[PDB]
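Colleague: Protein chains in written order, with the authors' numbering: chain A, 1 to 173, 177 to 220; chain B, 1 to 173, 179 to 220. Cβ coordinates follow ideal geometry from the N, Cα and C atoms, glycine included.
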Ligand SMILES: *C(=N)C1(NC(=O)[C@@H]2Cc3ccc(c(Cl)c3)OC/C=C/CCc3ccccc3C(=O)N2)CC1
Ligand SMILES: *C(=N)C1(NC(=O)[C@@H]2Cc3ccc(c(Cl)c3)OC/C=C/CCc3ccccc3C(=O)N2)CC1
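(1) Taking its Cβ as the centre, do 16 or more other Cβ atoms sit within 10 Å of residue 86(A), making it buried, or is it exposed?
(2) Quick one: what's got a C-beta closer than 6 Å to residue 215(B)'s C-beta in the same chain, skipping five residues either side?
(3) Where does the unbroken alpha helix (DSSP H) through residue 120(A) begin, and where does it stop?
(4) What is the DSSP secondary structure of residue 113(A), counted as helix, strand or coil?
(5) Ligand 1 and residue 69(A): does the residue's C-beta get closer than 7 Å to at least one heavy atom of that ligand?
(6) Using a threshold of 7 Å, is the CB atom of residue 92(B) nearer than that to any non-hydrogen atom of ligand 2?
(7) In three-state DSSP terms, what is residue 67(B)?
(8) Run the CB neighbour count on residue 4(A), radius 10 Å, all protein chains shown included, and call it buried at 16 or more, exposed below.
(9) Go to residue 171(A), then tell me how far its beta strand (DSSP E) extends in each direction, as first and last residue.
(10) For ligand 1, is there a heavy atom less than 7 Å away from the beta-carbon of residue 161(A)?
(11) By Cβ distance below 7 Å, which residues in the same chain neighbour residue 78(A) in space, the five residues on each side in sequence not counted?
(12) Are the CB atoms of residue 217(A) and residue 37(A) within a distance shorter than 8 Å?
(13) Grab me the residues of residue 84(A)'s own chain with a C-beta within less than 6 Å of its C-beta, minus the 5 sequence neighbours each way, in chain order.
(14) Hey, is residue 92(A)'s beta-carbon within less than 8 Å of any beta-carbon in chain B?
(15) Over what stretch of residues does the alpha helix (DSSP H) that includes residue 55(A) continue unbroken?
(16) How is residue 138(B) classed by DSSP in three states: helix, strand or coil?
(17) With DSSP as the reference, label residue 10(B) as helix, strand or coil.
(18) If you count every other CB in all the chains shown that lies within 10 Å of the CB of residue 41(B), and 16 or more means buried, which is it?
(19) Cα separation between residue 98(A) and residue 128(B)?
(20) Going by C-alpha distance, which of 66(B), 119(B), 138(B), 80(B) is nearest residue 183(B)?
(21) Just to make sure I have the definition right: I need the residues of chain A whose C-beta is within less than 7 Å of the C-beta of residue 8(B). Which are they?
(22) Whole-angstrom Cβ separation of residue 149(B) and residue 200(B), contact assumed at under 8 Å?
(23) Hey, quick one: how far does the beta strand (DSSP E) through residue 183(A) stretch, first residue to last?
(24) Can you pull the DSSP bridge partners for residue 216(B)?
(25) From 146(B), 57(B), 39(B), 34(B), pick the residue whose C-alpha is nearest to that of residue 198(B); which is it?
(26) Residues of chain B with CB closer than 9 Å to the CB of residue 104(A), please, in chain order.
(27) Within this structure, are the beta carbons of residue 64(A) and residue 54(A) separated by less than 8 Å?
(28) Which residues in the same chain as residue 213(A) place their Cβ atom closer than 6 Å to its Cβ, once the five residues preceding and following it in sequence are excluded?
(29) Quick check: what's the CA-CA separation for residue 74(A) versus residue 32(A)?
(30) Looking at chain B, is there any beta carbon in it that lies within less than 8 Å of the beta carbon of residue 87(A)?
(31) Can you list, in chain order, the residues of its chain with a C-beta nearer than 8 Å to that of residue 130(A)? Leave out the 5 residues immediately preceding and following it.
(32) Helix, strand or coil for residue 194(A), going by three-state DSSP, please let me know.
(33) Any heavy atom of ligand 2 closer than 7 Å to the CB of residue 26(B)?
(34) Closer than 7 Å to a non-hydrogen atom of ligand 1 - does that hold for the CB of residue 20(A)?
(35) Should residue 9(A) be counted as a contact of ligand 1 given a C-beta to heavy atom distance under 7 Å?
(36) Classify residue 89(A) as helix, strand or coil using the three-state DSSP reduction.
See the structure below:
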């Protein structure tokens, strides 16, 4: 793998979204990774309907605005045979009723892939694949109020993760200088324009390599 | 016909766009009446690609960024299948190479209907269908540096028109007006909109080249 990656600078990443008062992180994480893969494939960046996942992917094991898994989102897309654009199926930020229309579907998959739970396996993947759906331990007062620099929270857990995010690359900066560039779904006024630099290669910090995946496209 | 009409009140109209330093007025006009008809059919408002129509409707007789006519644009969407979204084929404000992809198509038409050269006939169309493609004489100063009110250019042409726009409704304020959507950004007129004088000897030829696409 490369030494320094940023998939934003390749037009692989849509602008930062906001999930608001609803627990749909998983669906922003899924549409992020599906957006980048549809992009490598088709050359067009089209924003995908997080609401389509929030509404319809209940049977494949999701909990609407109370939690979900990214791979379950990928599984819904494959079974459903598609996913509408953000434009046709806008984010209403509550679980509503399934209004999927196949005439607007702008994405597909043939499944997903689970990266081994090593930070180097997640490095190589972020490098050859594109942006990657990951889960983190986000429960700390200090994440909720993030600003800049490399995030490192001593009390962070490596096996119990609660939040789904998207890894868009990584790089360095004198001390412990490596990081994951993580796209969050809490809008632009949070973090470094919606992004958090996570500590990379400090014992799997916040469990970023523990539940990492991407859709096959 | 209803005392007053507005299609923005009913979500048939996408926001006022801007053609820039390119002569693509026919295209923005064409996409507007086609956006309003799709909403009629489906229930989803989706923004369409002027740049698709600027590049690829050449075979129908349109002249890229140096002009065109709305009915060749409608003909192009039938003589092609559908048309791509704004997001998949963005607007570059210049004539460039044709880049259409059928995988990203979100509109269709079964043809187009032309309205008889009469203002009364146009009132009925707006009221019974939705946004209507029209063509007007815009060469005049009171249009360029125009802020507010019912427009009236005493020396406006009824035969010779050079600018395609969209009619999104009409109303009363014994006065009448045309609720016309322009493509000169939100910065011009009434948020990109203009009140043309209505039922006043076919002012600026609003009713002269009026069409709308069927679905
Ligand atoms: C997002 N705002 C919220 N969190 C979720 O929806 C989580 C994200 C999450 C946590 C952990 C893992 C992933 Cl891939 C995603 O990794 C393994 C998962 C363990 C249990 C996660 C899980 C399983 C089923 C249903 C929900 C859920 C979960 O907590 N998902 C809502 C706050
Ligand atoms: C928009 N910025 C410009 N105007 C045009 O491109 C026009 C719009 C137009 C004018 C007239 C009519 C329609 Cl439907 C649309 O109706 C009468 C027909 C006129 C024919 C003029 C014409 C012919 C060929 C190519 C373009 C064109 C024209 O001026 N169209 C560019 C300034």
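Modeller: Straight from the coordinates:
(1) Buried, since its Cβ has 16 or more Cβ neighbours within 10 Å.
(2) 115, 122, 132, 134
(3) 119-128
(4) strand
(5) yes
(6) no
(7) Coil.
(8) Exposed: under 16 other Cβ atoms inside 10 Å.
(9) Run containing residue 171(A): 163-171, per the beta strand (DSSP E) assignment.
(10) yes
(11) 109, 110, 111
(12) yes
(13) Correct list, in chain order: 49, 52, 104, 105.
(14) no
(15) 50-56
(16) coil
(17) helix
(18) exposed
(19) Their Cα atoms are separated by approximately 31 Å.
(20) Taking only the C-alpha atoms, the option nearest residue 183(B) is 119(B).
(21) Residues of chain A passing the Cβ test: none, with the nearest at roughly 18 Å.
(22) 7 Å
(23) 182-186
(24) Per DSSP, 114(B), 133(B).
(25) 146(B)
(26) 42, 44, 46, 106
(27) yes
(28) 117
(29) 12 Å
(30) True, the Cβ-Cβ gap to chain B drops below 8 Å.
(31) 7, 12, 33, 36, 37, 39, 40, 217, listed in sequence order.
(32) coil
(33) Yes, the beta carbon of residue 26(B) sits closer than 7 Å to at least one heavy atom of ligand 2.
(34) No, ligand 1 has no heavy atom inside 7 Å of this Cβ.
(35) no
(36) Coil at residue 89(A), not helix or strand.
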